[PDB]
Structure formats: C-alpha cells, structure tokens
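1. next input, structure requested:
(chains A and B, ligands or ions: 2)
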Amino acid sequence: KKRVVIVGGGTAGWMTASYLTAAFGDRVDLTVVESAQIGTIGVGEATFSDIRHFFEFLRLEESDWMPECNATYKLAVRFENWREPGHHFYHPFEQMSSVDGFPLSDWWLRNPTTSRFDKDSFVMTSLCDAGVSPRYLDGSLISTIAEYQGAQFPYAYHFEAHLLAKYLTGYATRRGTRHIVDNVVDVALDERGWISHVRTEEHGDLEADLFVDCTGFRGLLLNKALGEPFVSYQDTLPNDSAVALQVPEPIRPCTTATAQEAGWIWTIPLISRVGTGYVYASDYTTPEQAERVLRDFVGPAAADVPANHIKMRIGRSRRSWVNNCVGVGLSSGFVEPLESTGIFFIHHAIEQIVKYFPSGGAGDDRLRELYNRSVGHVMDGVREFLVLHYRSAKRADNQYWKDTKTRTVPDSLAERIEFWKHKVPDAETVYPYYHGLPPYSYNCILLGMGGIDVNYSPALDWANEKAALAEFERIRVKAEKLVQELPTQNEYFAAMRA
Amino acid sequence: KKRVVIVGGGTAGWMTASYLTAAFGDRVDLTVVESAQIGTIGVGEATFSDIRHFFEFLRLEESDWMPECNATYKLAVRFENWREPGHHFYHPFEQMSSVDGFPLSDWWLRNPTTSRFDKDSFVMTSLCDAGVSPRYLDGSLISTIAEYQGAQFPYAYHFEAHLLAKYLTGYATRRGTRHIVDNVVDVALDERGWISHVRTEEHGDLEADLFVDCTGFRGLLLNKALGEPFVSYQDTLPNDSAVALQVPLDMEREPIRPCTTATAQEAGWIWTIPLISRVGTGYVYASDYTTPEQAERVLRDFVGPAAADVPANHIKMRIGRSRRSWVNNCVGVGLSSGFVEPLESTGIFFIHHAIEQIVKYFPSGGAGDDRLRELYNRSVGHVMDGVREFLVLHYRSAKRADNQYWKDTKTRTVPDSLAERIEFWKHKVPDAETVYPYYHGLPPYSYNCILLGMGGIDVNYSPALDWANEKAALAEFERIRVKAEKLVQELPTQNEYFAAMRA
Ligand SMILES: Cc1cc2nc3c(=O)[nH]c(=O)nc-3n(C[C@H](O)[C@H](O)[C@H](O)COP(=O)(O)OP(=O)(O)OC[C@H]3O[C@@H](n4cnc5c(N)ncnc54)[C@H](O)[C@@H]3O)c2cc1C
Ligand SMILES: Cc1cc2nc3c(=O)[nH]c(=O)nc-3n(C[C@H](O)[C@H](O)[C@H](O)COP(=O)(O)OP(=O)(O)OC[C@H]3O[C@@H](n4cnc5c(N)ncnc54)[C@H](O)[C@@H]3O)c2cc1C
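-> Numbers count the residues shown, from 1 in each chain, chains lettered A, B, ... in the order given. Ligands and ions are numbered 1, 2, ... in the order given. And now the structure:
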C-alpha cells in the first residue's frame, strides 16, 4: 500500500493528485500539502494537443468543467508579425495529410494554391480566421497521450488557471485526496539520501513512498533538499522574464503569439476576460518597458490592471526523479510558453509516474531511469522545436531578432535545418524521441516563419499531381463549408451553460 | 527525361521497375538488364506487414495478381519448438491494444487468461490455429508504408517468387520499362568515381542518371565496381547458409495454414511457406555447427517423401549490410544492399522500403543531392540495424538450450543498445520508449510477441497494475476471446476463398 505526498497546490500539484486519483482510485494514498502563504505562479492558461487525454482520463466531459473554468477552445497558435509586419500564420492542432507518399507541405511548395500554407493545408486555419467553434451546437466535432495527439483534431483549451486548480481540488478531495494547508518547513533525509519525511508547521511529519515536488520554480525538494542540478536552456532561448495581465465579438479559438521588439506577447481569450503577457529577454528590455509595451498593446482596458512580473527559470532538472522524489511542473523544468507546453510537461510527467510507478523492490532503479529519459526527451525535443521558432523567423529588424540567427542552436537541430532546406520535416529528420510534436508541427513553423528557404522534393517533378490537387480542393471545400455552418464559441458556450 | 538503369531481374529488380513505373509513369525512362544465364536466388516467398502498400501503390487488387502468383495469405509467423519441444506461438500482423495506458501484454503478465499470450491478445492467432482465411467469401476483412503497417490487420502474403517476378515484368514492361536480357560485363567509372556506363555483351553501353544495383549477393555495381565496404552482421547472427526445396503438394487436401512456420532445429530453423500448389521450405543454418549435407538430410527428413527427387538449392548467405547503399549514382536494392536471415521475412520489406525511399529521395541532379543521399543512407541503415536487433532478440530470448548451438545464442555478441533494452524489458514490456527508436518496420507489439513467446527471459508486469482497476482490461481480453471464437466458426478456408477468387 503506497503513500504519495504531493508538496504544492498549483496546477502541478492538483493535476498530479487528480490524475493519480483517476489512475489508482483509493488503492494509493494521496496527500497534497500546500501553503496558504506562498502563492501559485498565477499564469498557465493555454494548453497543448495532449490535453484532451487528461480530462478524458479523469472521466470528465467538457460540460462538467469548462463553464466552471471559464474555458474556451484552442485550435491553434496564431503567430503574428514573426515573418514580417502584418503577417500571421497558424500552428494548428490538425494532422497534415500525405498524398502519394509525400506530405501536403511538399506538394504545396511545388504548387501552392494560395500564399498561405496553413490556409491551404488545414481546415482549422479557416475556423480560427472565421472565429467559430470546432463543435456544432449538437455537440458533434467537425488511450495514451500519444494516441490522443494522433487524433485528426487533437485540439486544446484556454482556461483560468486558478479556476482549474480549484476544480481539480474538489475533484481529488471528493475522491479521497487528503488536503493539508500548511508550509513544509524541513525536508528530512535519511542516511542513503532519500527523503524520510517532510516536516510541516502544524501537521507533523508526512511520510510517503513517493514525494512529488510541485513547489514551482523553487524546487524545494528536488533542487533544494536533494540538490539535483538544474540545466539552463538560456544559451538557446534567452527569454527569461514575463509580465502578465488579466483584462476583463466572436471569441477567437486560438492563442495569439505576437512578436515584439524583445520577445512576444500572448493573447489567451477566456469566457469573460483575456489573459495576456509579454515574454521577453531582460538583456534587451527592462521590466518597466515591457510592462509599458504590454499595456499599450492591450489598450485602455489595461490601464489600472495589476501587473504580474515573473522571472522564469528556463531549462530542466538534470533528472526529474531522484530517489523517492519526482519533480512535476515548474520544479522539473520550464521553457517559455510560446507553444503552451507547461501543462503538457505536467500531464506527460504524471502519465509517466503511473507508467513507471515503483514497487519498492527490484527494478525500481530501471523504472526511474526510464522515467528520467522520457521526461528529458520531451523537454529537450520541445526546446529544439521552440528554438526553431526563432531560428526560422524572417524578421531581423533589430538586434534581438538579428541575434536569433547567430546565437547557439543545439547541434542536432543545426543539422536538421540543413536537411530541411531540401526535404520538408518528417519522421526521419525530426528529434527522434517522443516530445509531443509530430512532423506537421515543424512544417507549420518552418513554412510560416518564412526565414529559411525550403525546396520541394525533386520527385514531385515526375509524380502525377492529380491526387494532390484533389486533396487541396477537398480541404478548401470543407473549410468554406464549415465556416458557414459552425456556431461561434460565444453561442456554443451560451448553450452549454443553458 | 531522367534515366534509371536497373541491373538485375530478380525480385529486387522488378519490384524496383514496377514501383518506379507506378510512381513516375513514363516521365522517367526505365531499363532493366538481367542475365538469362545467372539465375535469381530462387527463394523469397513470404512477405512482411509493409507489403499491402506495395500492391496498392501499383494500383493492383488481390484478384489481379494473387492467382497468377499462386499466392496465399500470411497472417503471422508461427514459431515451433523455439521455447521448448512441442510449443508454438505467433508473431501476428495485428495491432496490440492498450488499456488505460498499458499494453495488453502488461495486463496479460499480471492476469493471464491462458498460458498463451498470443492466443489471449490477438484474434489472428486463432485464425492461424484454425486454418482460415482473414477474408469472408464476400471479400470483407474481419499512403506510406508506415501508415499501412499501422492498419489494424497489416497482413502479408506468400507467393511463388518467380511468378511474382514474371507478373511484375509484365506490369512494368507494358507501362514502358525497357527489358534487356543480357549480361553486364563491365562497369565503367568516370574521373570522379561515378558510374559512366555499364557495358553489356550484346546491347552496347547503357548510361543513366541513376543505376540501381539489383545484382544480388554479388553486388556487381555497389560492392565490386564502386568498392563500397560490406559490414558483416555475423557477430550476432551466425546463420550463414541455407538449403531450400520447392515441394509440389496437393494443397487442396487440407486447409492451407495462413502463416509461415519457423521450426527451430539443431543448428538453425526450417521455414515452411504454403502456396496454392506447393510448399516452399528451407533450412537456415550455421555452417560452423552442421554441414550442407547434414542440413539437406534434416530438411528432407522434415519434409518427408514428397521431397523425393526434388533438387536442393544450397545457398551461402551474405549477412550484413553495405556501409552505404546509395553511393554516387548507384543505389543497391535487394541482396546487394544487405541481408539478414529470413526469420521474419524482411528481405522484400527491405526492397520495398528502399524503393519507396528512392522515390522519396529522388535526386534533382543539382544542389541538395548529397543531403538527399545522406538521408537515404541513414534511413535504410536504420531499417536494417533495427531489424538486426529484432532478429537477435529471437535467439537471445529463445528458451531452448539443449545443445551447443542453442547455448551459444546466450553468450554470443549482442549489440550494446539491445543488451541495455533487454535489461529494461525485464521490468517494462517493450514500448516506444525502449525499442530501437528509428523506423525499422517493427512496432513495439512485435517485440512483445517475440519476448513473451520465446519464453527465455523473465518479464515482470508493471507495479502500477497492482493498483489500477482491471475491469477494462478484462473486458478487452473477453472481447478478443469472443471475436476469435466467432471468427473461426464463420470464416472460410483459404482453399475455399481462392477457389472462389479463381472462379
Ligand atoms: C509567464 C508564464 C506563462 C506560462 N504560460 C503557460 C501557458 O500558456 N500554458 C501552460 O500550460 N503553462 C504555462 N506556464 C507554466 C505553468 O504556469 C506551470 O506549468 C503550471 O502553472 C504549474 O506550476 P506549478 O504548480 O509547478 O508551480 P506554482 O504555481 O508556483 O505552485 C507552487 C505551489 O507550491 C506551494 N509551495 C511552495 N513552497 C511550499 C512549501 N514550503 N510548503 C508548502 N507548499 C509550498 C505553493 O504554495 C504553490 O501551491 C507559464 C508559466 C509562466 C511563468
Ligand atoms: C535463403 C533465403 C531465404 C529468403 N527468404 C525470404 C523470405 O521468406 N522473404 C523475403 O521477403 N525475402 C527472403 N529472402 C530474401 C530474398 O531472396 C530477396 O529479398 C529477394 O529475392 C531479392 O533478391 P535479389 O533480386 O536482390 O537477388 P537475386 O534473386 O540474386 O537476383 C539478382 C539478379 O541480378 C542478375 N545479375 C547478376 N549479375 C548480373 C550481371 N553481371 N548482368 C546481368 N544481370 C546480372 C541475376 O541474373 C538476377 O536476375 C531470402 C533470401 C535467402 C538467401
């Protein structure tokens, strides 16, 4: 009978408790200890293509939780002004078809229907441009995380972080999770360096077979108590700061990432407000200037809203599971939210905690090794993907954007980029370990950002293009039909609440 | 405009010609040169989970080609006597379900319904045991190769190799392939080491933008002319020889079993490939442990009196792969590129993958061509290296240890990465995280089937399954059991199915 103690009551702590509750029911003992004094990070409002697995694993329907979390649909990230002023493109959550053995991006490079690869190749692009729900009013859409990401439309969500945490708190406590409001004030280690207990101020000492560090950037257990080194990603991704605001027509079904002079601004539309933030590199602009740029970007509704200034710890713990302690969430690592991967890292982590859950006996070192390899691959792969956003962005208007082309690139990515100049990204040339990103994602960024010239495959000069023309026409016909038929998110969620 | 000259008219040459015809039509000029005097290898009659992509790419229906090739269905490989005498198990061409994030093999280890993982977890196992067709008499089953292998039932075929070659010859020649029957007697190189032409005995010199070496083990262009080194796999897979028979049988006497059988022997294993009118059979063996004469005797004894007066085909195998399969303007396809023993019938898979990749990385003649060749070589090298690991696992996990040969399977070299995987697999059944990470045509369920069937390595179920609710897993095992018992009562035999196809 295993006991798990989760330290931290942010999104990471309550996702962990709820997921473990859904996986193990009352057969594993779960305790969350969270501080009333120490706040959560206060952001984290957009998700990634994994996310439908999480809510379905909890056996929750969208109507169960979306109204309570002011949640909306996220069908894509909309990138504005990365290639050039006034240009936008999408990374949509939608599989890219292959025709006669070549991805649609290859055919598009040879014979584009329009100048917009995303518009020609994915229906979700038109839904985002039109501002419609992916689901009809009758509810219809137009087991592992990986399998859910393989769905035709593996869409995601926007939500209020605090409301999701409160929702998941009720979900987990109603299903047996013990909820302690207290500070962990000491982490006691035994002679072999394992955690023997966490000491609280008022609830005594908590023992467990597994301690989950969900304490955020501070990494109280994994980093402080166990001394696990942290590996910076700042050589390749200099953005180290953010300033965020919550500020009270069709709701656009995507996150917007609008490139700025020293970083980029997110727009996350919720049911009753917008979450917004400027992620920036402090070497290139000040917190004062970044807040000014953000408030100016939002406009007069951002006048007297309080700013949340955040210094980010960018990188990952060398190992996320050390002895009897596993870091989940910001304690394990973090990269800038350009593709909204933080909750994906949490979700992946907790799926892997279940997968590699220890017995207490033989094999546990190998299970921990596999766990650590899996989470390290996800973060290292995503880091490559994020670097590609900056390395392929065409804009070069100032020192910041010029430096994206000269700074460190992971060596393996540099080689992939050289291949991608003549073969569009595919399974052979993408980071080969699971990191949540199928090849179409790389295609969307590479072609959208527009800074690297990509050649279509010479074979397409001799292949008959009839099937490819037919597939582009099918997508165009479907997109124009869907845009006329689907309701807005406003109407959809009004009916859901009703 | 572009010119491709294919040297060799075995399975590799005509698969290449027909595939390029289907990919490019008449927009590329194709020539096959093949020797009337140098025969083909004379074996290669079972295929792999990739294969339905090939025929569909050529826009062929099963009724178009199967009767002409005396073809049958291959739903699995049946491994006999590898674990222990009298034991069999399958590697079936059927996806393995996962329940609540764990593969069915994990749940089976915790709570097996029967002692047979393959019977409990795959419907195709029962079809093979029962000897029935995967398709009803009405034809119903119960764009890239990888996507075809992802089908629920990515089944394969048996066929007469020479009849398939003849069929593909007609297919390609009727669609514009020039067919030269002649010997290539010289391969001339230009100053930069590229092939300038191939000289034939009677048809002059042939130039091309791309030469495809389909000359078999001899590798006339890739290994001889261009000097490309060959990398032996014999450290890990010692089987180096084969003796084969084609045995006519009244295959209408009894149901044709829808699988290849691999029956372990004292110094290797014997294949049985059932066709419409005969059986292809052969003994793959290690020459250090038995002689050709003893191997032929064992094979003839295994087949029985129907092998009387049937001539034996003794084959020395070249086991390994070319260091690079595409060098300058020459790409090796088939045995010229590499070979591993046919334990999982992967040779035609290698050809099929190679020709798909030839189309994928087809050169322009200009910038980028070195990178395209690099990607091609990496892709085919990963396929062969991954399949090598998978084959080694058959021997490394086989329980039988009754003689020196089978004892030596446990002490022989194992690729270091596979040795590490095996240590993980003792506590986590194979999955995407632990299997060879590059495409090699083998999803994780394949590793599970071999690991659990061979029975020589103890595997523990995941500790999490002690706390996970097993209702959904029991429901899935029951669903498979119910479906399998229904299907075996309803499906026709292959005999009936193909009799109606011919009608
Ligand atoms: C600027 C920014 C933008 C982001 N945008 C996104 C996005 O769009 N999408 C996304 O998915 N993710 C996003 N993320 C990531 C996301 O915020 C985190 O992945 C997620 O919120 C989980 O945070 P956490 O629970 O790990 O840490 P926190 O929110 O910091 O929670 C830490 C918890 O530990 C508790 N704690 C700390 N010390 C103690 C102690 N001694 N005793 C008891 N309790 C203690 C605290 O009280 C708190 O409950 C963003 C992050 C940042 C910084
Ligand atoms: C024992 C054994 C069992 C096998 N079993 C299977 C199996 O079950 N499944 C499977 O998929 N694969 C199997 N394989 C592999 C299979 O045989 C090959 O994948 C396939 O037959 C392709 O052979 P090839 O065309 O490359 O060579 P070959 O059949 O040797 O053909 C070579 C061709 O090149 C020609 N040639 C050679 N030199 C010259 C010259 N100078 N001029 C002109 N022409 C020339 C020959 O005449 C011939 O046409 C097996 C192989 C062996 C050895």
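2. C-alpha only now, for contacts and for neighbours.
-> Will do.
3. span of stretch A:453-462 from start to end?
-> End-to-end distance for stretch A:453-462: 22 Å, by Cα to Cα, to the nearest Å.
4. got phi/psi on residue A:322?
-> Backbone torsions of residue A:322, given as degrees, to the nearest 10, read phi -130, psi 120.
5. quick one: contacts for it?
-> A:222, A:226, A:228, A:368 (Cα atoms under 8 Å, 6 or more residues apart in numbering or on different chains).
6. from these, which is closest to ligand 1?
-> Closest approach between the contacts of residue A:322 and ligand 1, by Cα to the nearest ligand atom: residue A:222, at 11.9 Å.
7. surely that closest one touches residue A:333?
-> No. Between residue A:222 and residue A:333 no contact is recorded; they are 11.1 Å apart, counting by Cα atoms under 8 Å.
8. in three-state terms, label residue A:212 for me.
-> Residue A:212 carries the three-state label strand when classified by DSSP: H, G, I helix; E, B strand; the rest coil.
9. find the closest residue to ligand 2 in chain A.
-> With Cα to the nearest ligand atom, the shortest gap between chain A and ligand 2 falls at residue A:101, namely 21.8 Å.
10. now the phi/psi pair for that residue, please.
-> Phi and psi for residue A:101, reported as degrees, to the nearest 10, are phi 80, psi 0.
11. so what's it closest to, chain neighbours aside?
-> Counting by Cα to Cα, 6 or more residues apart in numbering or on different chains, residue A:101 lies nearest to residue B:144, which is 5.1 Å off, once chain neighbours are set aside.
12. so who does residue A:176 touch?
-> Neighbouring residues of residue A:176 by Cα under 8 Å, 6+ apart: A:21, A:25, A:26, A:30.
13. residues contacting the residue nearest the centre of chain A?
-> Closest residue to the average C-alpha location of chain A: residue A:341 at 1.8 Å, with Cα atoms, centre = their mean. When contacts are counted by Cα under 8 Å, 6+ apart, residue A:341 touches A:47, A:48, A:335.
14. can you map out the strands along the stretch 51-200 of chain A?
-> For the stretch 51-200 of chain A, the strands defined by DSSP state E, counting those that start in this stretch cover A:72-74, A:76-80, A:88-92, A:98-99, A:102-103, A:156-158, A:178-181, A:184-189, A:195-200.
15. what's the most buried one of those strands?
-> Scoring those by mean neighbour count under mean count of other Cα atoms under 10 Å in any protein chain shown gives strand A:72-74 as the most buried, with a mean of 26.
16. check which helices and strands that one sits against.
-> strand A:156-158 (3 or more Cα pairs under 8 Å, 6 or more residues apart in numbering or on different chains; DSSP states H and E).
17. can the strand it packs on be said to contact ligand 1?
-> No. In terms of Cα under 6 Å from any ligand atom, no part of strand A:156-158 sits within range of ligand 1; the closest distance is 8.2 Å.
18. off-centre distance for that strand?
-> Taking the mean of its C-alpha atoms, strand A:156-158 sits 10 Å from the chain's own mean (Cα atoms, centre = their mean, to the nearest Å).
19. packing partners for that strand?
-> Judged by 3+ Cα pairs under 8 Å, 6+ apart, strand A:156-158 is in contact with helix A:51-57, strand A:72-74.
20. okay, those, which one's buried deepest?
-> It is strand A:72-74: most buried of the helices and strands packed on strand A:156-158 by mean count of other Cα under 10 Å, with a mean of 26.
21. list of residues touching that one?
-> Contacts for strand A:72-74 (Cα under 8 Å, 6+ apart): A:46-47, A:66, A:133-134, A:155-159, A:253-255, A:269-271, A:489.
22. how about the residues of the stretch 1-150 of chain A by ligand 2?
-> Counting by Cα under 6 Å from any ligand atom, no residue of the stretch 1-150 of chain A is near ligand 2.
23. in the stretch 1-150 of chain A, what residue spans correspond to helices?
-> Counting by DSSP state H, counting those that start in this stretch, the stretch 1-150 of chain A has helices at residues A:11-24, A:51-57, A:62-65, A:104-110, A:117-121, A:123-130, A:145-149.
24. and if you look at the stretch 151-300 of chain A?
-> Assigned by DSSP H, counting those that start in this stretch, the stretch 151-300 of chain A shows helices spanning A:161-174, A:287-298.
25. same list (those helices) but as TSV, adding mean neighbour count.
-> Formatted as TSV, the helices of the stretch 151-300 of chain A follow (neighbours: other Cα atoms under 10 Å in any protein chain shown):
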stretch	mean neighbour count
helix A:161-174	19
helix A:287-298	17
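26. can you list the ones you listed in a markdown table and add distance to ligand 1?
-> Listed next are these as a markdown table, based on distance: least, Cα to the nearest ligand atom, whole Å:
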| stretch | distance to ligand 1 |
| --- | --- |
| helix A:161-174 | 7 |
| helix A:287-298 | 13 |
